[PDB]
Amino acid sequence: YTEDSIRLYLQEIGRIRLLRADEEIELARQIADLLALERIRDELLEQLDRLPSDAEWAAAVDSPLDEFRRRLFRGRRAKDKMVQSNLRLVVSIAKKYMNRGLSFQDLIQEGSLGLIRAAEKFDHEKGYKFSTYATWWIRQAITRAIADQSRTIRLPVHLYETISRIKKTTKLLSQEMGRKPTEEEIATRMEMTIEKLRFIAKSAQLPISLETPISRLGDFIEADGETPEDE
Amino acid sequence: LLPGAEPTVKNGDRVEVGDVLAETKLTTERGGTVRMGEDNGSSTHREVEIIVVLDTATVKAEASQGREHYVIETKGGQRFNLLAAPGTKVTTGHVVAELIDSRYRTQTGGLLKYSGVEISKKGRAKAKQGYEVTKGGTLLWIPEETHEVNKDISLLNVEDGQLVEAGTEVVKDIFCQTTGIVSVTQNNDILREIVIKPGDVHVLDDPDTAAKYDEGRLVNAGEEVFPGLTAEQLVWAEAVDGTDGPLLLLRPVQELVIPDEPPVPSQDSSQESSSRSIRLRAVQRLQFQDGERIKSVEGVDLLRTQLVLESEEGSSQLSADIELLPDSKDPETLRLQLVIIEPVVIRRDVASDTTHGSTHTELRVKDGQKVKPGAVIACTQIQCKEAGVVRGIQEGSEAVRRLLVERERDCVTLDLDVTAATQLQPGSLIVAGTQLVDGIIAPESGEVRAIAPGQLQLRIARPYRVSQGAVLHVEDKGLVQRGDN
Amino acid sequence: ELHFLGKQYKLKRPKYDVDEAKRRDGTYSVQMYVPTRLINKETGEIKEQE
DNA sequence: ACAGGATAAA
DNA sequence: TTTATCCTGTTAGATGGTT
């Protein structure tokens, strides 16, 4: 009866055995069948402007309602197992950003979405291991989540990319010239105005908390209003 | 007195300054050869080591890719690689060196057959370490290249039983390395195992010949495999189902002959005083069992010749350090050596109030000497700082931890009349300030040592009153120093 | 493998000065440079640098 | 992280 | 016109934490 939540999640994960490549291929085939069936249903939804009933959906596949429903179930369970047995991969990738703005548990749950998408777009016919395709999606989901959920004043992804390129250019100039580059040099190298560079530098800052010891910061800030004297 | 120290004197022995009071004897537990450490700026060896030796080889330290590997050149010209680094302790049975051999290294995987070769049957857990051969013989090696994958069917490029050349992309991103027939294994539209086996192929026209080769067979050189077909060298003939039906495959069988005993010269221990001799036994191990069907794209090592540390029974728990001895005749030439070093630690002499006497340790042996088990190695003697009389050493069943020396300045003489002082006895307890005789008052307290005509000997003493119910931290006739409760 | 030969760390002379740092509201410091050697466990190419 | 594409807001 | 902001995809293999 531990109180830790991450350890409990890791235990819940460890109760699942890793898949094998043949198991991956089988599950990928069932997942593809489920995806095609879902696409058909979506077509029925466009035709009916409503959710099709199981009987209408079974009729759309010329399949007995029992056979159709069992096929649907198998596909659901296949996708479920594919995601479930790879959560360990999700944790292995998510542990590499535990100090960037999102807590470890948030990284895990955001990488789970990438794993789900990877399991939805895996192609067995490609002839590759699922652990190679899934890594890209897990990493992308975690990086996007960090870009969109790490700051109180959220910055767009293009701003993160701009800041990264500014850092790389600054390091390259420092290595080339053997000294710290100036603002004008960096602005010329980046082909952008110095005011834009200063704006990027100002927007990259982290907001300081009101309760920073100085005694707290929040007790030294005046209030917006009209002074009784000025009325 | 230190733990295990034994006094050399009895109660009452009048000793002089510097004389031995107590001694600690260090003895060798098992005996052997003495090794004295070099005088590293100290004229007193703080440690002495107990040691058999083997030398009759040559050793050179060569640097390859920044790694210092030791090559053991035997007097017969054979070469070994030293798998164990200097300073490492290994027990009995551990591999020390590996024969640098390439003859028994295959190019690819395949199948293994035994011919008269026999092995020891002790232990399955040693399978990773191989199988020790109990009798030499002939190994038959049937080559094959096995690509083990778990990939889907539609990636396949080659037909079951197609005769191929090496380099063909049999499966997407998989390249064959051997020119032969490809046999394909699939499970529910999933490619599992692909096999390429070299050897000549030939048409099977007569079903009876195929029935003879239903299970595969060996055929010697010159022996006619079937009418019109004679094997020029020993080959494995097996019936395989190719694209058009039955075919006969003649895979080239390799023969590797292993001698009954590894012909690598052992090096003999040179010291008889070690009743538990230590030696290097050369062993031959086959890493795979009879008929073990091996699947490997790259070559494997079949036979390994390993030097193994061996010792007499009862010494199985001994661990031997590994050292290099520079040869006396040629210092450049180094020789590998295994020692069962046993340490004996000598404490530095301390004369400053630890025992309150000078502790001096003298060795009882010389470097290179041969000692029996239990022989005394070192004697540490405690020398008294001040002459006097030794007391406080009680007898029986307890280790002497503290002794007492009553010195010249712990006795005082006083001029008192014997005639009327007859009320006192040697060993009386005199409280100072007490009227000993009419008009005579005790100047200082003490114990009555002697009563001479007109004189009195007092050993200085001081009392402490104790009331009923107190707790006693000490014992009668004990020994206490300054500050003790 | 990266090896940091930390027994040979050199120190670069402080920039500005003590008084210049005081009057500029900066920091009085030096720069630390340690020699390192990246060793490839196989190829064996060692790219020594500071 | 990085590249391509769609779009609307400046 | 010209960016500012959002969306989707990526094929060696990888698969349970630090303080």
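In what follows, every chain begins at residue 1, and chains take the letters A, B, ... in the order their sequences are listed. Note that these values count all heavy atoms, side chains included, but never hydrogens, waters or copies made by symmetry.
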Any non-hydrogen side-chain atom of B:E169 less than 4.5 Å from a side-chain atom of B:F175?
yes
Distance in angstrom units between A:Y160 OH and E:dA4 P, rounded
17 Å
Any chance you could encode DNA chain E as dot-bracket? Rule is Watson-Crick or G-U wobble with both distances under 3.5 Å; [ ] for pairs crossing earlier ones, | for another strand.
||||.|||||.........
A:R117 vs E:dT10: side-chain N/O to OP1/OP2 distance below 4.0 Å:
no
Picking from E:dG9, E:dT8, E:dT10, which would you name as closest to the side chain of A:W136?
E:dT10
So which heavy atom on B:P143 is nearest to which on B:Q254, and how close?
CG-NE2, 3.9 Å
So how far is it from C:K47 NZ to C:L2 CG, rounded to the nearest 0.5 Å?
9.5 Å
At under 4.0 Å, does any side-chain N or O of A:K196 touch on OP1 or OP2 of E:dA4?
yes
Taking the side chain as every heavy atom from C-beta outward, state whether B:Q306 and B:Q129 have any pair of such atoms under 4.5 Å apart.
no
Between the protein and nucleotides 15-19 of chain E, list every N/O to N/O distance that falls short of 3.5 Å.
residue : atom : partner : partner atom : Å
E:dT15  : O2   : A:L89   : N            : 3.0
E:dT15  : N3   : A:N86   : ND2          : 3.1
E:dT15  : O4   : A:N86   : ND2          : 3.4
E:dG17  : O6   : A:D4    : OD2          : 2.7
E:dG17  : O6   : A:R7    : N            : 2.7

Side-chain heavy atoms of A:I194 within contact of A:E184, under 4.5 Å
no
With heavy-atom distances below 4.5 Å as the criterion, would you say the side chains of B:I194 and B:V149 are in contact?
no
If you measure from the P atom in D:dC2 to the same atom in E:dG13, how many Å do you get, rounded?
24 Å
Please write out the pairs of protein N or O atoms and N or O atoms of nucleotides 2-8 of chain D separated by less than 3.5 Å, giving the distance to one decimal.
residue : atom : partner : partner atom : Å
D:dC2   : OP1  : A:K168  : NZ           : 2.7
D:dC2   : OP2  : A:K168  : NZ           : 3.0

Phosphate OP1/OP2 of D:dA1: any A:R100 side-chain N/O under 4.0 Å
yes
Determine: side-chain N/O of A:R154 to OP1/OP2 of E:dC6, distance under 4.0 Å, yes or no.
yes
Using whole Å, what does the distance between atom P of nucleotide E:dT11 and atom CD1 of A:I25 come to?
17 Å
Is the CZ atom of A:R70 crowded by more than 12 outside heavy atoms at less than 6.0 Å?
no
Please answer whether E:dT11 and A:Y128 are stacked, defined here as ring centres separated by less than 5.5 Å and planes angled under 30°.
no
Any donor and acceptor pair, going by atom type alone, linking the side chain of B:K151 with main-chain N or O of A:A21 inside 3.5 Å?
no
Looking at A:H158, does any N or O in its side chain come under 4.0 Å of the phosphate oxygens OP1/OP2 on E:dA4?
no
In whole angstrom, give the distance that lies between atom CG of B:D152 and atom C1' of E:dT11.
16 Å
Any side-chain heavy-atom pair from A:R41 and A:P52 closer than 4.5 angstrom?
yes
Whole Å only: how far is the CZ atom of A:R20 from the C1' atom of E:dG13?
18 Å
A:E110 side chain near A:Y97 side chain, heavy-atom distance below 4.5 Å:
no
Specify the separation, in whole Å, of atom NZ of A:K126 and atom P of E:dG9.
16 Å
Parallel, tilted or perpendicular: which fits the ring planes of A:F122 and A:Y133, with parallel below 30° and perpendicular above 60°?
tilted
Any luck finding a side-chain donor-acceptor pair between B:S154 and A:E125 under 3.5 Å?
yes
I need the CG-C1' distance between A:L115 and E:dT10, as an integer number of Å.
15 Å
Here's a test of your reading of the structure: between A:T132 and A:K121, which maps to the more 5' nucleotide of DNA chain E?
A:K121
Find the distance A:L155:CG to E:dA4:P and express it as a whole number of Å.
14 Å
How long is the line joining CG of B:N150 and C1' of E:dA12, in whole Å?
16 Å
